[PDB]
>>> print(open('data_33.pdb').read())   # PDB, C-alpha atoms (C1' of nucleotides)
ATOM      1  CA  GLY A  11      -6.733  -9.009  80.212  1.00  0.00           C
ATOM      2  CA  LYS A  12      -6.202  -5.925  82.450  1.00  0.00           C
ATOM      3  CA  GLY A  13      -7.619  -2.241  83.065  1.00  0.00           C
ATOM      4  CA  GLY A  14      -3.841  -1.300  82.874  1.00  0.00           C
ATOM      5  CA  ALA A  15      -4.439   2.493  83.166  1.00  0.00           C
ATOM      6  CA  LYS A  16      -6.028   2.195  79.684  1.00  0.00           C
ATOM      7  CA  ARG A  17      -6.715   5.534  77.896  1.00  0.00           C
ATOM      8  CA  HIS A  18      -8.572   5.536  74.511  1.00  0.00           C
ATOM      9  CA  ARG A  19      -8.043   8.421  71.958  1.00  0.00           C
ATOM     10  CA  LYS A  20      -8.710   7.777  68.136  1.00  0.00           C
ATOM     11  CA  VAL A  21      -9.142  10.212  65.238  1.00  0.00           C
ATOM     12  CA  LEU A  22     -12.463  10.844  63.386  1.00  0.00           C
ATOM     13  CA  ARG A  23     -12.815  14.516  62.325  1.00  0.00           C
ATOM     14  CA  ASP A  24     -10.238  14.740  59.440  1.00  0.00           C
ATOM     15  CA  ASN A  25      -9.468  11.203  58.763  1.00  0.00           C
ATOM     16  CA  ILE A  26     -11.843   9.568  56.296  1.00  0.00           C
ATOM     17  CA  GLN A  27     -13.346   7.066  58.916  1.00  0.00           C
ATOM     18  CA  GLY A  28     -14.581  10.090  60.916  1.00  0.00           C
ATOM     19  CA  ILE A  29     -16.487  11.830  58.120  1.00  0.00           C
ATOM     20  CA  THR A  30     -20.209  10.915  57.776  1.00  0.00           C
ATOM     21  CA  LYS A  31     -21.455   8.378  55.202  1.00  0.00           C
ATOM     22  CA  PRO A  32     -24.979   9.895  54.932  1.00  0.00           C
ATOM     23  CA  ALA A  33     -23.079  13.134  54.174  1.00  0.00           C
ATOM     24  CA  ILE A  34     -22.339  11.425  50.809  1.00  0.00           C
ATOM     25  CA  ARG A  35     -25.752   9.881  50.143  1.00  0.00           C
ATOM     26  CA  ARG A  36     -27.097  13.371  50.905  1.00  0.00           C
ATOM     27  CA  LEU A  37     -24.942  14.237  47.905  1.00  0.00           C
ATOM     28  CA  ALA A  38     -25.949  11.255  45.790  1.00  0.00           C
ATOM     29  CA  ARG A  39     -29.679  11.894  45.609  1.00  0.00           C
ATOM     30  CA  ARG A  40     -29.237  15.655  44.587  1.00  0.00           C
ATOM     31  CA  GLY A  41     -28.246  13.795  41.449  1.00  0.00           C
ATOM     32  CA  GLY A  42     -31.153  11.672  41.916  1.00  0.00           C
ATOM     33  CA  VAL A  43     -30.082   8.154  41.380  1.00  0.00           C
ATOM     34  CA  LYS A  44     -32.354   5.564  43.021  1.00  0.00           C
ATOM     35  CA  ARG A  45     -29.640   3.192  44.331  1.00  0.00           C
ATOM     36  CA  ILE A  46     -26.174   3.437  46.114  1.00  0.00           C
ATOM     37  CA  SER A  47     -23.695   0.490  45.987  1.00  0.00           C
ATOM     38  CA  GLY A  48     -21.500  -0.037  49.057  1.00  0.00           C
ATOM     39  CA  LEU A  49     -18.417  -0.439  46.866  1.00  0.00           C
ATOM     40  CA  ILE A  50     -19.093   2.733  44.919  1.00  0.00           C
ATOM     41  CA  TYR A  51     -19.194   5.440  47.604  1.00  0.00           C
TER
ATOM     42  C1'  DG B   1     -34.867 -16.272  35.785  1.00  0.00           C
ATOM     43  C1'  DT B   2     -32.455 -16.049  40.175  1.00  0.00           C
ATOM     44  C1'  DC B   3     -29.915 -13.719  44.278  1.00  0.00           C
ATOM     45  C1'  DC B   4     -28.387 -10.164  47.176  1.00  0.00           C
ATOM     46  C1'  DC B   5     -26.992  -6.102  47.167  1.00  0.00           C
ATOM     47  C1'  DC B   6     -29.469  -1.221  48.151  1.00  0.00           C
ATOM     48  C1'  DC B   7     -33.500   1.543  49.842  1.00  0.00           C
ATOM     49  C1'  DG B   8     -36.907   2.596  53.592  1.00  0.00           C
ATOM     50  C1'  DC B   9     -37.546   2.915  58.475  1.00  0.00           C
ATOM     51  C1'  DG B  10     -37.303   2.618  63.475  1.00  0.00           C
ATOM     52  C1'  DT B  11     -33.879   3.456  67.338  1.00  0.00           C
ATOM     53  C1'  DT B  12     -29.246   4.022  69.257  1.00  0.00           C
ATOM     54  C1'  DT B  13     -24.899   6.697  69.385  1.00  0.00           C
ATOM     55  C1'  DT B  14     -21.440  10.713  68.120  1.00  0.00           C
ATOM     56  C1'  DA B  15     -20.105  14.938  66.979  1.00  0.00           C
ATOM     57  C1'  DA B  16     -21.622  19.255  64.128  1.00  0.00           C
ATOM     58  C1'  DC B  17     -23.058  23.867  65.402  1.00  0.00           C
ATOM     59  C1'  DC B  18     -23.777  28.104  68.074  1.00  0.00           C
ATOM     60  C1'  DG B  19     -22.663  30.915  71.429  1.00  0.00           C
ATOM     61  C1'  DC B  20     -19.069  33.201  74.113  1.00  0.00           C
ATOM     62  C1'  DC B  21     -14.737  34.880  75.142  1.00  0.00           C
ATOM     63  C1'  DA B  22      -8.874  35.240  74.560  1.00  0.00           C
ATOM     64  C1'  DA B  23      -4.680  35.872  72.771  1.00  0.00           C
ATOM     65  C1'  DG B  24      -1.370  36.432  69.727  1.00  0.00           C
ATOM     66  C1'  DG B  25       0.604  35.633  64.856  1.00  0.00           C
ATOM     67  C1'  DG B  26       0.629  37.603  60.795  1.00  0.00           C
ATOM     68  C1'  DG B  27      -0.960  40.397  57.603  1.00  0.00           C
ATOM     69  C1'  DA B  28      -1.514  45.463  56.355  1.00  0.00           C
ATOM     70  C1'  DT B  29       0.614  50.502  56.198  1.00  0.00           C
ATOM     71  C1'  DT B  30       4.178  53.527  56.041  1.00  0.00           C
ATOM     72  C1'  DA B  31       8.847  55.699  55.389  1.00  0.00           C
ATOM     73  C1'  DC B  32      13.616  55.592  53.233  1.00  0.00           C
ATOM     74  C1'  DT B  33      17.029  54.498  50.538  1.00  0.00           C
ATOM     75  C1'  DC B  34      19.577  52.126  47.216  1.00  0.00           C
ATOM     76  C1'  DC B  35      20.048  48.399  43.503  1.00  0.00           C
ATOM     77  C1'  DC B  36      18.384  47.309  39.353  1.00  0.00           C
ATOM     78  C1'  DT B  37      15.936  48.552  35.098  1.00  0.00           C
ATOM     79  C1'  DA B  38      14.263  50.899  30.961  1.00  0.00           C
ATOM     80  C1'  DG B  39      15.922  53.979  27.650  1.00  0.00           C
ATOM     81  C1'  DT B  40      19.529  55.467  24.513  1.00  0.00           C
ATOM     82  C1'  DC B  41      24.179  55.369  21.679  1.00  0.00           C
ATOM     83  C1'  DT B  42      27.871  52.611  19.017  1.00  0.00           C
ATOM     84  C1'  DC B  43      29.491  48.726  17.407  1.00  0.00           C
ATOM     85  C1'  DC B  44      29.687  43.843  14.948  1.00  0.00           C
ATOM     86  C1'  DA B  45      30.838  40.536  15.995  1.00  0.00           C
ATOM     87  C1'  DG B  46      26.550  36.954  16.039  1.00  0.00           C
ATOM     88  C1'  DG B  47      23.650  35.595  12.552  1.00  0.00           C
ATOM     89  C1'  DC B  48      21.627  34.928   7.820  1.00  0.00           C
ATOM     90  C1'  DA B  49      22.448  33.053   2.449  1.00  0.00           C
ATOM     91  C1'  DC B  50      25.371  31.017  -0.371  1.00  0.00           C
ATOM     92  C1'  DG B  51      29.632  29.373  -3.176  1.00  0.00           C
ATOM     93  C1'  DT B  52      33.447  25.971  -2.385  1.00  0.00           C
ATOM     94  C1'  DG B  53      35.335  21.796  -0.617  1.00  0.00           C
ATOM     95  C1'  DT B  54      36.777  16.470   0.314  1.00  0.00           C
ATOM     96  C1'  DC B  55      34.707  12.471   3.102  1.00  0.00           C
ATOM     97  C1'  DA B  56      30.826   8.956   4.358  1.00  0.00           C
ATOM     98  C1'  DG B  57      28.219   5.423   2.099  1.00  0.00           C
ATOM     99  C1'  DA B  58      26.164   3.575  -2.600  1.00  0.00           C
ATOM    100  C1'  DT B  59      26.744   2.218  -7.675  1.00  0.00           C
ATOM    101  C1'  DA B  60      28.789   0.418 -10.951  1.00  0.00           C
ATOM    102  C1'  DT B  61      33.292  -0.832 -13.917  1.00  0.00           C
ATOM    103  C1'  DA B  62      37.528  -2.675 -16.353  1.00  0.00           C
ATOM    104  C1'  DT B  63      40.466  -6.558 -15.133  1.00  0.00           C
ATOM    105  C1'  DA B  64      41.753 -10.795 -13.278  1.00  0.00           C
ATOM    106  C1'  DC B  65      41.066 -15.670 -11.184  1.00  0.00           C
ATOM    107  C1'  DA B  66      38.515 -20.030  -9.989  1.00  0.00           C
ATOM    108  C1'  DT B  67      34.533 -23.264 -11.144  1.00  0.00           C
ATOM    109  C1'  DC B  68      31.681 -25.577 -13.863  1.00  0.00           C
ATOM    110  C1'  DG B  69      27.358 -26.135 -18.117  1.00  0.00           C
ATOM    111  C1'  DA B  70      27.047 -27.442 -22.196  1.00  0.00           C
ATOM    112  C1'  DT B  71      28.861 -28.297 -26.976  1.00  0.00           C
ATOM    113  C1'  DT B  72      31.827 -30.329 -30.383  1.00  0.00           C
ATOM    114  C1'  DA B  73      35.855 -32.805 -32.281  1.00  0.00           C
ATOM    115  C1'  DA B  74      38.191 -37.185 -31.531  1.00  0.00           C
ATOM    116  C1'  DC B  75      38.700 -42.333 -30.276  1.00  0.00           C
ATOM    117  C1'  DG B  76      37.413 -47.824 -28.892  1.00  0.00           C
ATOM    118  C1'  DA B  77      33.770 -51.643 -30.810  1.00  0.00           C
ATOM    119  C1'  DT B  78      30.716 -53.030 -33.206  1.00  0.00           C
ATOM    120  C1'  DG B  79      25.457 -54.470 -36.385  1.00  0.00           C
ATOM    121  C1'  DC B  80      23.177 -55.453 -39.734  1.00  0.00           C
ATOM    122  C1'  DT B  81      23.476 -54.079 -44.525  1.00  0.00           C
ATOM    123  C1'  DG B  82      25.196 -53.900 -49.178  1.00  0.00           C
ATOM    124  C1'  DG B  83      28.484 -55.626 -52.766  1.00  0.00           C
ATOM    125  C1'  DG B  84      30.518 -59.380 -54.461  1.00  0.00           C
ATOM    126  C1'  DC B  85      33.210 -64.811 -54.058  1.00  0.00           C
ATOM    127  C1'  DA B  86      33.275 -70.670 -53.170  1.00  0.00           C
ATOM    128  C1'  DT B  87      29.624 -74.643 -52.853  1.00  0.00           C
ATOM    129  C1'  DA B  88      24.423 -77.343 -53.354  1.00  0.00           C
TER
END
>>> encode(input="data_33.pdb", output="structure tokens")
Amino acid sequence: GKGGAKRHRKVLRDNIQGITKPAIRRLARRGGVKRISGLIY
DNA sequence: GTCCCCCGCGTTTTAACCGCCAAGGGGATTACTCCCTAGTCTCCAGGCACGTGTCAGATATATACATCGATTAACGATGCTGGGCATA
């Protein structure tokens, strides 16, 4: 349970976590559906 | 007819975008030579069509052997039935 010279570096440009979820919904409505499931996207 | 997974909406958090400048890898151009190709000739033996041929399977086929199915001729024993013989 220590500071231990901790350095934090994780990867969120390329990797799919990093990309933006609204970026998708932005996409979803152009099609014009009313609803987005969590599972689906 | 029920339940809960999305939309709308306010605020909190991250990283997209723009602007600026640097540096060098890699793509673009050029010049020269030399291997590799199209083009052209001759040749046939590769390839196309077909007659000829004995061998896989498949189908009976004459001949023989083994096993009954069923029929008919032959044999052992009568059963009343018919045709006559001794007694009421």
>>> resolve_selection(input="data_33.pdb", expression="the PyMOL selection byres ((chain B) within 8 of (chain A))", output="ChimeraX atom specification")
/B:5-7
>>> atom_distance(input="data_33.pdb", atom1="CA of residue 40 in chain A", atom2="CA of residue 26 in chain A")
21.8 Å
>>> atom_distance(input="data_33.pdb", atom1="CA of residue 42 in chain A", atom2="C1' of residue 10 in chain B")
24.2 Å
>>> atom_distance(input="data_33.pdb", atom1="CA of residue 35 in chain A", atom2="CA of residue 50 in chain A")
11.1 Å
